[PDB]
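Structure first, commentary second.
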Amino acid sequence: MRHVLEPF
Amino acid sequence: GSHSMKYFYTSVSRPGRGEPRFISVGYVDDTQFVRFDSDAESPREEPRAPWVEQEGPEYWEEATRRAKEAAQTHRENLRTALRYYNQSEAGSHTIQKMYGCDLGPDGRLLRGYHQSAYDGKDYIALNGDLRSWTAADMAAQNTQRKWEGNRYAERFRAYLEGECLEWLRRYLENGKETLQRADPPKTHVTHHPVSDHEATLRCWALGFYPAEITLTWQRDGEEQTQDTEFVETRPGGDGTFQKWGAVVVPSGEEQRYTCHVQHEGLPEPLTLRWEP
Amino acid sequence: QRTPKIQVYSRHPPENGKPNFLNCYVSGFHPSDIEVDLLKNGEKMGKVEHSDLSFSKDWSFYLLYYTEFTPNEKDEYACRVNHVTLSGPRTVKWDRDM
């Protein structure tokens with residue numbers, strides 16, 4: 001399962 | 001024993017050609033199992049391993065959703081990056097991102113990974129303490145501050161201790177035959193005359209898993225680095241790995257050289273000699 | 001930018017007349033914009049596919065372009081790679097000893 005990435 | 005799950009992300013902006021190319025891959029140890037390509041005819045999380053192909057529609061819907069969301073996040077990071085480094089929109093740029101978790105032998109979180117690079121160079125990486133961030137340059141410090149202000153490390157960590165280990169253990173359980181294996185390398189020594197006074201001894205280790213392995217040459221029992229060539233470990237195309245190490249040897253002294261291979265698939269380190 | 005590494009080889013130890021898998025493994029390159037072709041006697045091969053783009057620790061990309069082939073004494077296989085860091089296409093012949 002992937003991780004919810006967050007913007008720079 | 002020791003297992004790991006990682007996710008890789010690559011986004012490349014292409015001025016004048018539309019949206020950036022987004023390619024992400026999922027790995028359990030050294031075995032890929034998922035895929036997402038923005039330039040696929042129907043972008044979606046695809047199974048690349050036989051053992052994950054048993055996951056229900058939910059898994060694929062959610063996985064696809066998170067993948068696309070990641071893509072959006074990456075385009076966004078591309079623009080924001082253009083702004084940080086004060087760069088033009090007519091130039092191409094690449095954003096890379098790797099994150100994963102290591103499952104300990106006791107079912108605990110051994111170590112975590114979360115690092116992102118911009119244009120082939122380090123951008124920002126989560127430290128081993130899994131609490132602080134390290135920026136590689138000036139522009140990345142903006143991201144560091146923004147992530148310190150919103151407690152990102154806290155959430156990503158909630159992920160590490162949660163879905164990561166859970167789905168990792170699950171994957172390992174579904175693909176025990178191919179994930180919890182330790183296939184030893186089929187090894188052999190070959191001889192290849194360079195001229196009339198010299199000859200190359202090549203040590204072969206084939207079809208081994210995982211990829212981790214060490215090949216070394218010894219002369220009369222002493223390590224040899226001179227006149228030596230070790231190629232990068234390479235995939236066989238069927239899920240296994242290959243690697244060979246060669247040494248240039250004076251004709252008539254071949255029997256004084258020995259090959260040494262270390263791989264967790266072998267009970268003990270192997271010693272090989274040229275067997276004509 | 002980084003120059004790609006080229007390793008053309010066979011999945012199993014080559015044996016004349018015996019079905020096998022030809023592989024072209026390109027690594028340590030950046031950016032990921034690259035072209036790879038498998039050649040038989042100088043001409044592009046019929047059915048060439050590649051794995052999904054990925055990278056290693058130093059952020060360098062690695063790709064694998066593979067196809068089914070059956071080696072012999074007469075035929076000559078090779079791998080051609082075009083990249084921005086390369087002055088013209090680089091062609092590495094397949095050596096059954098490598």
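Order determines the names: the first chain of the structure tokens is A, the second B, and so forth; residues in each chain are numbered 1 upward, and ligands are numbered 1 upward as they are shown.
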As a PyMOL selection string, please: the residues near range 51-61 of chain C (cut-off 8 Å, only C-alpha atoms, same-chain neighbours under 5 positions excluded). (chain B and resi 8-10+23-25+35+96+117+120-121) or (chain C and resi 2+27-32)
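The list of residues with at least one atom within 6 Å of range 236-245 of chain B, based on only C-alpha atoms and without residues fewer than 2 positions apart in the same chain, reads residues 202, 203, 204, 205, 206, 207, 208, 209, 211, 229, 230, 233 and 234 of chain B; 11 of chain C.
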When the cut-off is 7 Å and we count only C-alpha atoms, which residues of chain B are near chain A, given as a PyMOL selection string? chain B and resi 63+66+70+73+76-77+80+143+159+163-164+167
May I have the residues within 12 Å of residue 223 in chain B as a short mmCIF file (atom, residue, chain, number, x, y, z; two decimals) with N, CA, C and O atoms, in the first residue's frame, using only C-alpha atoms and disregarding those fewer than 2 positions away in the same chain?
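File produced: result.cif:
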```
data_model
loop_
_atom_site.label_atom_id
_atom_site.label_comp_id
_atom_site.auth_asym_id
_atom_site.auth_seq_id
_atom_site.Cartn_x
_atom_site.Cartn_y
_atom_site.Cartn_z
N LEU B 215 31.42 -10.93 -4.92
CA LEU B 215 32.39 -11.75 -5.63
C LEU B 215 33.79 -11.15 -5.52
O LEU B 215 33.99 -9.97 -5.81
N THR B 216 34.75 -11.97 -5.10
CA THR B 216 36.13 -11.51 -4.96
C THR B 216 37.12 -12.53 -5.50
O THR B 216 36.89 -13.74 -5.41
N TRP B 217 38.22 -12.05 -6.06
CA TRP B 217 39.27 -12.94 -6.55
C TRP B 217 40.47 -12.97 -5.61
O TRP B 217 40.84 -11.95 -5.03
N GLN B 218 41.07 -14.14 -5.46
CA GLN B 218 42.23 -14.29 -4.59
C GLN B 218 43.38 -15.01 -5.29
O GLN B 218 43.18 -16.01 -5.97
N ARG B 219 44.58 -14.47 -5.12
CA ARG B 219 45.79 -15.09 -5.65
C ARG B 219 46.63 -15.63 -4.50
O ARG B 219 47.06 -14.88 -3.63
N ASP B 220 46.85 -16.94 -4.51
CA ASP B 220 47.61 -17.60 -3.45
C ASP B 220 47.01 -17.34 -2.07
O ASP B 220 47.71 -17.42 -1.06
N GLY B 221 45.72 -17.04 -2.04
CA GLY B 221 45.02 -16.82 -0.79
C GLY B 221 44.96 -15.36 -0.37
O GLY B 221 44.36 -15.03 0.66
N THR B 225 42.99 -7.08 -6.41
CA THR B 225 42.25 -5.95 -6.95
C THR B 225 42.84 -5.52 -8.29
O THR B 225 42.15 -4.97 -9.14
N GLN B 226 44.14 -5.77 -8.46
CA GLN B 226 44.84 -5.41 -9.68
C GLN B 226 44.36 -6.27 -10.85
O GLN B 226 44.11 -7.46 -10.69
N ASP B 227 44.23 -5.65 -12.02
CA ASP B 227 43.77 -6.35 -13.22
C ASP B 227 42.47 -7.10 -12.95
O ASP B 227 42.38 -8.30 -13.21
N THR B 228 41.48 -6.39 -12.43
CA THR B 228 40.21 -7.01 -12.07
C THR B 228 39.02 -6.19 -12.58
O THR B 228 39.11 -4.97 -12.72
N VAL B 247 39.38 -11.59 -13.87
CA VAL B 247 40.74 -11.17 -13.56
C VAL B 247 41.72 -11.63 -14.64
O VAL B 247 41.68 -12.79 -15.07
N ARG B 256 46.39 -20.86 -9.40
CA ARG B 256 46.76 -20.15 -8.18
C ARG B 256 45.68 -19.13 -7.80
O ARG B 256 45.78 -18.46 -6.78
N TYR B 257 44.66 -19.03 -8.64
CA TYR B 257 43.56 -18.09 -8.41
C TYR B 257 42.29 -18.80 -7.96
O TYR B 257 41.96 -19.88 -8.45
N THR B 258 41.57 -18.18 -7.03
CA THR B 258 40.33 -18.74 -6.52
C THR B 258 39.24 -17.67 -6.44
O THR B 258 39.51 -16.53 -6.06
N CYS B 259 38.02 -18.05 -6.80
CA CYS B 259 36.88 -17.14 -6.73
C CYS B 259 36.12 -17.35 -5.42
O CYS B 259 36.00 -18.47 -4.93
N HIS B 260 35.61 -16.26 -4.86
CA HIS B 260 34.89 -16.31 -3.60
C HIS B 260 33.56 -15.57 -3.69
O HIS B 260 33.52 -14.39 -4.05
#
```
